[PDB]
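Structure, as structure tokens:
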Amino acid sequence: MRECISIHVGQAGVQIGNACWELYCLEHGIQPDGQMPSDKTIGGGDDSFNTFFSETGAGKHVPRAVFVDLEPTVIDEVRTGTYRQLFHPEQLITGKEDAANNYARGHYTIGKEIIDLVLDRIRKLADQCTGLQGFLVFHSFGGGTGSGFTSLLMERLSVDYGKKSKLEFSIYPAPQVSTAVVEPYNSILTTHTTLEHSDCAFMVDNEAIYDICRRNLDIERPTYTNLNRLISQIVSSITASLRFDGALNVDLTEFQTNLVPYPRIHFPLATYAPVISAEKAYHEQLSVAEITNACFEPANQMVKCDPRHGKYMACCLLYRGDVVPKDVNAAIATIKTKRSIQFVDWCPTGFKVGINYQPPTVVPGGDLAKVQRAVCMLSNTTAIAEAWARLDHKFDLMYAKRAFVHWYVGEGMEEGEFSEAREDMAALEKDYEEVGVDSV
Amino acid sequence: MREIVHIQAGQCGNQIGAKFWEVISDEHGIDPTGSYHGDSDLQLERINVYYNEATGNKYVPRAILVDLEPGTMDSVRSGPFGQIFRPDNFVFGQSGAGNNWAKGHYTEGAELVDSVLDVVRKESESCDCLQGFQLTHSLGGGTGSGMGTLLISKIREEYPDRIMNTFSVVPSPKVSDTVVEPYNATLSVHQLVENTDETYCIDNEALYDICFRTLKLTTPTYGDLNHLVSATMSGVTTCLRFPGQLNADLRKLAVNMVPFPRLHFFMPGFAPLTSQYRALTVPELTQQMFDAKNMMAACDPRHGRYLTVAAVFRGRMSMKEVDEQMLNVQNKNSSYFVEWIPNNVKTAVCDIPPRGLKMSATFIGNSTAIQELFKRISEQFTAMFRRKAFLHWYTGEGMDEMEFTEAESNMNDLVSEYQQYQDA
Ligand SMILES: Nc1nc2c(ncn2[C@@H]2O[C@H](COP(=O)(O)OP(=O)(O)OP(=O)(O)O)[C@@H](O)[C@H]2O)c(=O)[nH]1
Ligand SMILES: Nc1nc2c(ncn2[C@@H]2O[C@H](COP(=O)(O)OP(=O)(O)O)[C@@H](O)[C@H]2O)c(=O)[nH]1
Ligand SMILES: CCOc1ccc(-c2cn(C)nc2-c2cc(OC)c(OC)c(OC)c2)cc1
Ligand SMILES: [Ca+2]
Ligand SMILES: [Ca+2]
Ligand SMILES: [Mg+2]
Ligand SMILES: [Mg+2]
């Protein structure tokens with residue numbers, strides 16, 4: 001038990017789920033039809049991979065997951081594609097008309113027509129569980145479904161499942177990849193209405209994933225497939241602790257004890273290494289010391305900010321592959337002297353370490369080189385408030401003129417909901433400022 | 001008074017407890033399945049202190065295994081001496097304690113505590129004359145810290161006149177699972193002050209430094225820390241487990257070691273430190289066991305004064321030379337033993353030595369320097385508490401900030417109380 005149900009909402013979520021679940025199957029030796037040759041307990045089992053996969057009596061390993069989108073085009077590619085056999089048809093849910101980059105349509109208008117059906121389908125997965133731990137929610141900040149329907153869902157799950165944990169993987173918008181003019185509005189609106197209901201949320205700046213693919217994989221104009229295949233490795237590093245046996249494996253809830261000092265301060269900075277092309281990795285083995293040092297190079301962050309001009313409240317290192325305690329300890333000692341790591345005066349300055357032995361895999365015909373070891377750092381830095389700042393400014397520029405606000409008011413929202421949300425964001429920026437201040 | 005009932009709570013509790021049973025079963029010639037395959041009659045003469053005799057002359061430990069998740073207790077069953085523990089005495093919940101005192105003491109653990117006490121009663125009922133209880137646990141986590149201290153309160157309610165010992169692994173940033181440990185430790189310490197007669201302070205800071213500096217282990221596991229603990233645990237319990245003439249019980253120790261009831265926090269030591277070919281002379285054992293380097297609680301005993309000491313030499317040696325050596329350190333460093341308690345060092349000798357060594361020495365000290373350990377955790381606590389940091393984890397389980405301010409203050413009084421007699 002300790003089961004974990006994944007919900008993928010809107011295109012971004014759905015497409016990142018395809019990446020994530022493809023990757024999980026390659027990590028656990030699961031085939032596209034769902035069969036696991038290495039699994040000897042037919043029909044059920046109490047294994048670590050069973051946290052993400054249930055088993056049928058026939059031996060099909062089925063993701064504990066739901067895919068929702070308010071229009072069929074993106075989910076229809078799952079329904080006809082390589083892993084169509086992996087999912088039961090009722091895990092894949094669609095409407096006919098999308099939310100049209102409108103939080104109002106995703107949360108209310110189109111959203112209220114399908115919410116009950118979704119919760120009914122989540123509930124059928126929950127009843128397969130003997131000891132449900134919580135939910136992982138994959139969505140974009142920018143989209144109408146990704147913002148609006150997610151918020152609606154998060155509120156409703158808080159009702160049906162009380163305080164049972166809910167983690168987010170949020171895709172923070174950036175103009176390099178597709179963006180719309182109103183994504184700042186949707187971003188602030190969903191971040192406000194979800195903040196009470198999310199226990200921990202890993203933001204992913206598309207610009208950050210864009211720059212990394214360009215710089216490190218030498219990809220000229222990265223596609224969503226490029227970005228999602230990188231993202232899913234970061235998602236896999238965080239969830240690896242839940243899916244694998246391990247002597248030196250720290251569970252993801254134990255890291256969360258350290259990562260969340262107050263409930264609103266639940267936004268960790270993910271940083272991953274190595275991201276390297278097959279061309280460059282040839283005759284080039286990257287040690288524990290090298291990949292650990294890369295975690296403090298801010299060009300490897302999932303979110304663009306500067307931790308060096310902020311303050312740490314937590315530092316966690318999630319190694320996978322050929323790693324042992326000794327080297328990690330040497331590597332951290334090196335870093336402590338040579339690098340710009342200031343903690344707040346109220347937190348202890350240790351680094352919390354976990355290690356999985358199962359080494360990191362890659363998607364066949366991918367861009368990432370196969371490496372022997374890897375690491376995902378999860379830090380709680382005040383610097384991440386910079387992401388809220390950049391987004392809050394864009395919100396303010398349009399809201400000053402009420403630009404596009406009629407599309408939201410047309411679908412039933414009030415102007416009060418914008419200012420209410422924005423003031424919550426103003427408070428959140430002030431909270432991240434207050435925690436950094438020294439005590440008296 | 002012969003029988004002791006043992007309980008082991010949480011990950012650390014069950015981990016060190018397992019090793020305690022591995023170590024002492026070997027010294028009593030009891031193999032992994034529970035049969036006796038020894039040689040001496042001295043191995044069996046006080047076997048009834050820690051073991052029940054079963055059908056087909058099997059010896060089963062008087063041991064109860066407690067945890068709020070099945071992880072650790074599954075490993076104990078799979079581990080080398082797992083097949084000896086009574087399977088009924090494995091009492092486990094499923095949801096875990098999240099390194100949260102509140103979960104262990106008030107919510108998750110509350111649900112399981114009655115089912116634990118039924119087995120405690122089951123093991124007590126078939127004790128000819130129950131003398132007391134001993135608990136292995138940690139104060140840093142959730143189950144061992146929270147539920148451990150809850151069970152201690154329940155056991156006291158039901159058996160208010162028996163002795164309650166603890167072997168309590170005090171936490172440290174050098175060997176840390178989570179930032180919230182000082183909260184958990186401080187809430188537990190307040191419990192222990194009320195509801196235990198003796199508490200052996202095993203400090204992880206100390207065990208690391210001993211593993212690192214004085215054993216040359218560069219990267220020490222918890223396994224290396226637990227070797228030191230299970231040796232120490234065998235050492236203090238030697239005189240209960242073996243004969244004789246000058247033989248012992250828990251209550252007489254508790255009486256003679258504890259001048260004031262709240263001050264019952266002992267500072268263990270062991271010599272020589274192992275993980276050898278030259279056996280040590282008696283003057284070396286005496287020097288080493290009294291050395292700060294050999295202490296299991298990271299306090300400098302020169303920074304306070306001993307109220308009482310108890311020393312247990314193991315091996316075939318000159319009892320003349322032991323007396324002479326023990327009188328040497330007392331008469332040459334008399335400023336560090338309180339004058340107002342006469343003859344406050346008691347020595348015992350035991351002929352049977354532990355596995356590996358020809359002669360060893362275990363040291364039990366009730367020093368006023370132990371205040372330093374509580375001052376260390378009291379500082380770590382306030383750095384966080386003054387900003388209410390990480391409190392949401394506890395207040396979500398129904399706890400109040402008032403309860404934290406109490407537990408802080410109780411431990412600051414304990415430190416004042418220890419300081420009082422360091423000057424007198
Ligand atoms: N990383 C990543 N970002 C994506 C992907 N698809 C969309 N996005 C981003 O998500 C935002 C747009 O939201 P979508 O998720 O496409 O929209 P939706 O949730 O389907 O909402 P509607 O279509 O309006 O109902 C933009 O910021 C895009 O850059 C993807 O596959 N990967
Ligand atoms: N000496 C020692 N300390 C441990 C061991 N396991 C955990 N600890 C310490 O105990 C504290 C965590 O408690 P733990 O037993 O994991 O939590 P619980 O299972 O909920 O009681 C931390 O201070 C750890 O350093 C062990 O095997 N040996
Ligand atoms: C400060 C004096 O401390 C003492 C004096 C005597 C005793 C004692 C009396 N009896 C009958 N048994 C003990 C005793 C002594 C021990 O130390 C060698 C023990 O080992 C820890 C012991 O084990 C329970 C009993 C105790 C303390
Ligand atoms: Ca199975
Ligand atoms: Ca319950
Ligand atoms: Mg869409
Ligand atoms: Mg633990």
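Residue numbers start at 1 in each chain; chains themselves are named A, B, ... in the order of the structure tokens; ligands are numbered from 1 in the order shown.
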*For residue A:104, please output as a list in words all residues within 8 Å (counting only C-alpha atoms; exclusion window: fewer than 5 positions along the same chain).*
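Using only C-alpha atoms, the neighbours found are residues 99, 109, 144, 148, 408, 411, 412 and 413 of chain A.
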Output N, CA and C atoms for every residue in the selection just made, as a PDB file, in the first residue's frame.
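The result, written out as selection-v5.pdb:
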```pdb
ATOM      1  N   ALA A  99     -11.759  25.114 -22.670  1.00  0.00           N
ATOM      2  CA  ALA A  99     -11.940  26.307 -21.847  1.00  0.00           C
ATOM      3  C   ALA A  99     -11.335  27.553 -22.475  1.00  0.00           C
ATOM      4  N   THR A 109     -17.959  27.327 -16.374  1.00  0.00           N
ATOM      5  CA  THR A 109     -18.903  27.100 -17.490  1.00  0.00           C
ATOM      6  C   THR A 109     -18.831  25.689 -18.090  1.00  0.00           C
ATOM      7  N   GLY A 144      -6.821  27.208 -19.948  1.00  0.00           N
ATOM      8  CA  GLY A 144      -8.138  27.377 -19.337  1.00  0.00           C
ATOM      9  C   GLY A 144      -8.545  26.183 -18.498  1.00  0.00           C
ATOM     10  N   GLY A 148      -8.295  26.503 -14.651  1.00  0.00           N
ATOM     11  CA  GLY A 148      -9.654  26.544 -14.127  1.00  0.00           C
ATOM     12  C   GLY A 148     -10.153  25.215 -13.615  1.00  0.00           C
ATOM     13  N   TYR A 408     -13.704  37.037 -19.007  1.00  0.00           N
ATOM     14  CA  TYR A 408     -13.856  36.381 -17.709  1.00  0.00           C
ATOM     15  C   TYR A 408     -15.202  36.745 -17.074  1.00  0.00           C
ATOM     16  N   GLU A 411     -18.224  35.016 -18.640  1.00  0.00           N
ATOM     17  CA  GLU A 411     -18.436  33.637 -18.208  1.00  0.00           C
ATOM     18  C   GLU A 411     -18.802  33.515 -16.716  1.00  0.00           C
ATOM     19  N   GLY A 412     -19.040  34.649 -16.055  1.00  0.00           N
ATOM     20  CA  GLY A 412     -19.625  34.676 -14.719  1.00  0.00           C
ATOM     21  C   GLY A 412     -18.758  35.229 -13.604  1.00  0.00           C
ATOM     22  N   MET A 413     -17.466  35.428 -13.851  1.00  0.00           N
ATOM     23  CA  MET A 413     -16.582  35.967 -12.813  1.00  0.00           C
ATOM     24  C   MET A 413     -16.838  37.442 -12.533  1.00  0.00           C
TER      25      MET A 413
END
```
Which polymer residues have any atom within 8 Å of an atom of stretch 201-203 of chain B, counting only C-alpha atoms, with same-chain residues fewer than 6 positions away left out, as a tab-separated table (two decimals) with N, CA, C and O atoms, in the first residue's frame?
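Produced file around_28.tsv, reproduced below:
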```tsv
chain	number	residue	atom	x	y	z
B	167	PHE	N	16.26	3.25	27.21
B	167	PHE	CA	17.48	3.45	26.43
B	167	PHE	C	17.08	4.38	25.30
B	167	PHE	O	16.51	3.93	24.30
B	168	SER	N	17.36	5.67	25.46
B	168	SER	CA	16.77	6.72	24.63
B	168	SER	C	17.81	7.40	23.73
B	168	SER	O	18.63	8.20	24.22
B	169	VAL	N	17.77	7.10	22.44
B	169	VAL	CA	18.71	7.67	21.47
B	169	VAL	C	18.37	9.15	21.20
B	169	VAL	O	17.48	9.46	20.42
B	170	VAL	N	19.09	10.04	21.88
B	170	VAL	CA	18.92	11.49	21.76
B	170	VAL	C	19.47	11.97	20.40
B	170	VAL	O	20.53	11.51	19.98
B	171	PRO	N	18.75	12.89	19.70
B	171	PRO	CA	19.14	13.25	18.33
B	171	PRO	C	20.25	14.31	18.21
B	171	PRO	O	20.65	14.92	19.20
B	172	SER	N	20.71	14.51	16.97
B	172	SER	CA	21.81	15.43	16.66
B	172	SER	C	21.85	15.76	15.16
B	172	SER	O	21.70	14.86	14.34
B	229	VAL	N	25.88	0.78	20.71
B	229	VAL	CA	24.73	0.77	21.61
B	229	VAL	C	24.46	-0.62	22.19
B	229	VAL	O	24.25	-0.75	23.40
B	265	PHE	N	18.99	10.87	34.53
B	265	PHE	CA	19.47	10.82	33.16
B	265	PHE	C	20.95	10.49	33.18
B	265	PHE	O	21.80	11.34	33.52
B	266	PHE	N	21.25	9.23	32.84
B	266	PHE	CA	22.59	8.70	32.94
B	266	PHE	C	23.37	8.84	31.63
B	266	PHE	O	22.79	8.97	30.55
B	267	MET	N	24.69	8.77	31.77
B	267	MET	CA	25.66	9.02	30.72
B	267	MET	C	26.50	7.75	30.56
B	267	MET	O	27.44	7.55	31.33
B	268	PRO	N	26.14	6.85	29.61
B	268	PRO	CA	26.86	5.57	29.49
B	268	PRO	C	28.28	5.70	28.96
B	268	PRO	O	28.61	6.69	28.33
B	296	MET	N	28.87	7.87	25.79
B	296	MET	CA	27.81	7.76	24.80
B	296	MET	C	26.87	8.98	24.76
B	296	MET	O	26.03	9.07	23.86
B	297	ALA	N	26.98	9.89	25.73
B	297	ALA	CA	26.24	11.16	25.74
B	297	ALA	C	27.26	12.28	25.63
B	297	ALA	O	28.12	12.41	26.50
B	298	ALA	N	27.16	13.10	24.57
B	298	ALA	CA	28.24	14.03	24.20
B	298	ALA	C	28.32	15.22	25.16
B	298	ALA	O	27.94	16.35	24.83
```
*All strand (DSSP E or B) residues (DSSP, backbone) inside stretch 169-276 of chain A, as an NGL selection string*: :A and (169-172 or 200-205 or 269-273)
*Test item: chain B residues at most 12 Å from chain A, counting only C-alpha atoms, as a PyMOL selection string*: chain B and resi 69-72+75+93-100+141-142+172-182+217-223+379-397
*Can I get the residues close to ligand 6 as a ChimeraX atom specification, where close means within 10 Å and we count only C-alpha atoms and all ligand atoms?*
/A:9-12,14,69-75,97-101,143-146
With C-alpha atoms retained, export the selected residues as a short mmCIF file (atom, residue, chain, number, x, y, z; two decimals), in the first residue's frame.
```cif
data_model
loop_
_atom_site.label_atom_id
_atom_site.label_comp_id
_atom_site.auth_asym_id
_atom_site.auth_seq_id
_atom_site.Cartn_x
_atom_site.Cartn_y
_atom_site.Cartn_z
CA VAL A 9 -5.35 17.95 -16.49
CA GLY A 10 -5.41 19.72 -19.87
CA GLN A 11 -2.89 19.32 -22.71
CA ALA A 12 0.28 20.09 -20.71
CA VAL A 14 -1.76 14.97 -20.45
CA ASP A 69 -9.06 17.43 -20.89
CA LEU A 70 -12.13 19.43 -21.97
CA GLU A 71 -11.45 18.67 -25.67
CA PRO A 72 -10.62 15.30 -27.28
CA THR A 73 -7.60 15.97 -29.61
CA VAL A 74 -4.81 15.44 -27.05
CA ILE A 75 -6.31 12.46 -25.16
CA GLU A 97 -15.37 22.06 -26.20
CA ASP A 98 -12.31 23.42 -24.34
CA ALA A 99 -11.94 26.31 -21.85
CA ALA A 100 -10.34 28.53 -24.49
CA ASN A 101 -7.51 29.94 -22.32
CA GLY A 143 -4.41 27.01 -20.03
CA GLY A 144 -8.14 27.38 -19.34
CA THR A 145 -8.55 23.73 -18.32
CA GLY A 146 -5.07 23.59 -16.76
#
```
_Can you pull out every residue with an atom within 8 Å of ligand 3? Use only C-alpha atoms and all ligand atoms and format it as an NGL selection string._
:B and (236-240 or 246-257 or 307-312 or 343-349 or 364)
*asked:* If DSSP is run on the backbone, what residues of stretch 40-176 of chain A are alpha helix (DSSP H)? A reply as a PyMOL selection string would be ideal.
replied: chain A and resi 73-80+103-104+115-126+144+150-160
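Minimum atom-to-atom distances from A:134, A:32, A:142, A:45 to residue A:13 were compared using only C-alpha atoms, and the lowest value belongs to A:142.
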*Can you list, as a VMD selection string, every protein, DNA or RNA residue that comes within 9 Å of stretch 124-134 of chain B when you count only C-alpha atoms, leaving out same-chain residues fewer than 6 positions away?*
chain B and resid 1 to 8 52 155 159 161 to 167 249 to 251
_Neighbouring residues of residue A:313 were defined as those with any atom within 7 Å, considering only C-alpha atoms; residues of the same chain fewer than 3 positions away were excluded. Please report them as a ChimeraX atom specification._
/A:343-344,347,380-381
*Would you mind reading off the distance between atom CA of residue B:286 and atom CA of residue B:325, one decimal, in Å?*
6.6 Å
*If you count only C-alpha atoms, which residues fall within 9 Å of residue A:384, apart from same-chain ones fewer than 6 positions away, as a PyMOL selection string?*
chain A and resi 267-269+303-307+310+432
Counting only C-alpha atoms and all ligand atoms, which protein, DNA or RNA residues come within 10 Å of ligand 4, given as an mmCIF file with N, CA, C and O atoms, in the first residue's frame?
```cif
data_model
loop_
_atom_site.group_PDB
_atom_site.id
_atom_site.type_symbol
_atom_site.label_atom_id
_atom_site.label_comp_id
_atom_site.auth_asym_id
_atom_site.auth_seq_id
_atom_site.Cartn_x
_atom_site.Cartn_y
_atom_site.Cartn_z
ATOM 1 N N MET A 36 4.277 -7.418 -17.123
ATOM 2 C CA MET A 36 5.557 -7.338 -16.423
ATOM 3 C C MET A 36 6.060 -8.774 -16.230
ATOM 4 O O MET A 36 5.570 -9.490 -15.349
ATOM 5 N N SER A 38 9.004 -9.712 -15.052
ATOM 6 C CA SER A 38 9.676 -9.812 -13.749
ATOM 7 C C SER A 38 8.715 -9.885 -12.552
ATOM 8 O O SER A 38 9.136 -10.249 -11.453
ATOM 9 N N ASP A 39 7.446 -9.529 -12.753
ATOM 10 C CA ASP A 39 6.440 -9.616 -11.698
ATOM 11 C C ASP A 39 5.898 -11.040 -11.629
ATOM 12 O O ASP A 39 5.207 -11.493 -12.547
ATOM 13 N N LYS A 40 6.205 -11.727 -10.527
ATOM 14 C CA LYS A 40 5.801 -13.123 -10.321
ATOM 15 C C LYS A 40 4.448 -13.248 -9.615
ATOM 16 O O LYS A 40 3.699 -14.186 -9.896
ATOM 17 N N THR A 41 4.140 -12.317 -8.707
ATOM 18 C CA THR A 41 2.818 -12.267 -8.072
ATOM 19 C C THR A 41 1.784 -11.768 -9.084
ATOM 20 O O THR A 41 1.669 -10.561 -9.324
ATOM 21 N N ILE A 42 1.041 -12.710 -9.665
ATOM 22 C CA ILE A 42 0.051 -12.411 -10.705
ATOM 23 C C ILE A 42 -1.193 -11.866 -10.014
ATOM 24 O O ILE A 42 -1.591 -12.385 -8.973
ATOM 25 N N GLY A 43 -1.793 -10.813 -10.565
ATOM 26 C CA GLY A 43 -3.057 -10.283 -10.035
ATOM 27 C C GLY A 43 -2.949 -9.194 -8.979
ATOM 28 O O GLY A 43 -3.753 -8.255 -8.970
ATOM 29 N N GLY A 44 -1.987 -9.332 -8.069
ATOM 30 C CA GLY A 44 -1.725 -8.318 -7.041
ATOM 31 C C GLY A 44 -0.292 -8.346 -6.544
ATOM 32 O O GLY A 44 0.563 -9.036 -7.103
ATOM 33 N N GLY A 45 -0.032 -7.583 -5.492
ATOM 34 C CA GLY A 45 1.291 -7.540 -4.882
ATOM 35 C C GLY A 45 1.483 -6.324 -4.011
ATOM 36 O O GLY A 45 0.763 -5.326 -4.147
ATOM 37 N N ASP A 46 2.473 -6.414 -3.126
ATOM 38 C CA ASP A 46 2.783 -5.349 -2.174
ATOM 39 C C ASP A 46 4.150 -4.697 -2.478
ATOM 40 O O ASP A 46 4.826 -4.204 -1.569
ATOM 41 N N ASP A 47 4.531 -4.664 -3.758
ATOM 42 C CA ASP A 47 5.843 -4.155 -4.174
ATOM 43 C C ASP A 47 5.849 -2.631 -4.232
ATOM 44 O O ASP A 47 4.799 -1.993 -4.153
ATOM 45 N N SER A 48 7.040 -2.055 -4.372
ATOM 46 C CA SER A 48 7.202 -0.600 -4.366
ATOM 47 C C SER A 48 6.644 0.056 -5.626
ATOM 48 O O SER A 48 6.089 1.150 -5.553
ATOM 49 N N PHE A 49 6.795 -0.611 -6.769
ATOM 50 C CA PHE A 49 6.192 -0.146 -8.029
ATOM 51 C C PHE A 49 4.664 -0.183 -8.029
ATOM 52 O O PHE A 49 4.037 0.506 -8.835
ATOM 53 N N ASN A 50 4.073 -0.992 -7.145
ATOM 54 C CA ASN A 50 2.611 -1.043 -6.985
ATOM 55 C C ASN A 50 1.985 0.233 -6.413
ATOM 56 O O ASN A 50 0.764 0.385 -6.456
ATOM 57 N N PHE A 53 1.269 1.438 -9.940
ATOM 58 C CA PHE A 53 0.581 0.498 -10.819
ATOM 59 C C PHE A 53 -0.247 -0.507 -10.012
ATOM 60 O O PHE A 53 0.278 -1.145 -9.103
ATOM 61 N N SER A 54 -1.537 -0.633 -10.339
ATOM 62 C CA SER A 54 -2.353 -1.769 -9.881
ATOM 63 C C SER A 54 -2.152 -2.912 -10.864
ATOM 64 O O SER A 54 -1.623 -2.707 -11.954
ATOM 65 N N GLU A 55 -2.578 -4.108 -10.475
ATOM 66 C CA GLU A 55 -2.501 -5.285 -11.338
ATOM 67 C C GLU A 55 -3.881 -5.887 -11.548
ATOM 68 O O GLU A 55 -4.686 -5.935 -10.612
ATOM 69 N N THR A 56 -4.153 -6.335 -12.775
ATOM 70 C CA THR A 56 -5.329 -7.161 -13.062
ATOM 71 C C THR A 56 -4.944 -8.625 -12.920
ATOM 72 O O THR A 56 -3.756 -8.964 -12.976
ATOM 73 N N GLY A 59 -2.755 -10.018 -15.492
ATOM 74 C CA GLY A 59 -1.360 -9.584 -15.380
ATOM 75 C C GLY A 59 -1.045 -8.220 -15.981
ATOM 76 O O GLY A 59 0.130 -7.850 -16.080
ATOM 77 N N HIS A 61 -0.496 -4.492 -15.801
ATOM 78 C CA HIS A 61 -0.145 -3.441 -14.868
ATOM 79 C C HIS A 61 -0.689 -2.132 -15.430
ATOM 80 O O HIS A 61 -0.281 -1.684 -16.508
#
```
*asked:* Could you list, as JSON, numbers by chain, every residue within 6 Å of stretch 18-30 of chain B, counting only C-alpha atoms and ignoring same-chain residues fewer than 6 positions away?
replied: {"B": [36, 37, 38, 43, 230]}
Store the residues picked out above in a file with N, CA, C and O atoms, as a JSON list (two decimals), in the first residue's frame.
```json
[["chain", "number", "residue", "atom", "x", "y", "z"],
["B", 36, "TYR", "N", 18.85, -23.63, 23.25],
["B", 36, "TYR", "CA", 20.11, -23.44, 23.98],
["B", 36, "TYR", "C", 21.16, -24.43, 23.48],
["B", 36, "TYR", "O", 20.91, -25.63, 23.44],
["B", 37, "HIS", "N", 22.33, -23.91, 23.11],
["B", 37, "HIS", "CA", 23.46, -24.72, 22.61],
["B", 37, "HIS", "C", 24.79, -24.21, 23.20],
["B", 37, "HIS", "O", 25.77, -24.00, 22.48],
["B", 38, "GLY", "N", 24.81, -24.04, 24.52],
["B", 38, "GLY", "CA", 25.93, -23.43, 25.23],
["B", 38, "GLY", "C", 26.88, -24.45, 25.84],
["B", 38, "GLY", "O", 27.37, -25.34, 25.15],
["B", 43, "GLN", "N", 25.13, -19.49, 32.10],
["B", 43, "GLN", "CA", 24.34, -18.93, 31.00],
["B", 43, "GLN", "C", 22.83, -19.06, 31.22],
["B", 43, "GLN", "O", 22.08, -18.20, 30.75],
["B", 230, "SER", "N", 24.46, -1.64, 21.34],
["B", 230, "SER", "CA", 24.16, -3.01, 21.78],
["B", 230, "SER", "C", 25.27, -3.62, 22.66],
["B", 230, "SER", "O", 25.01, -4.53, 23.44]]
```
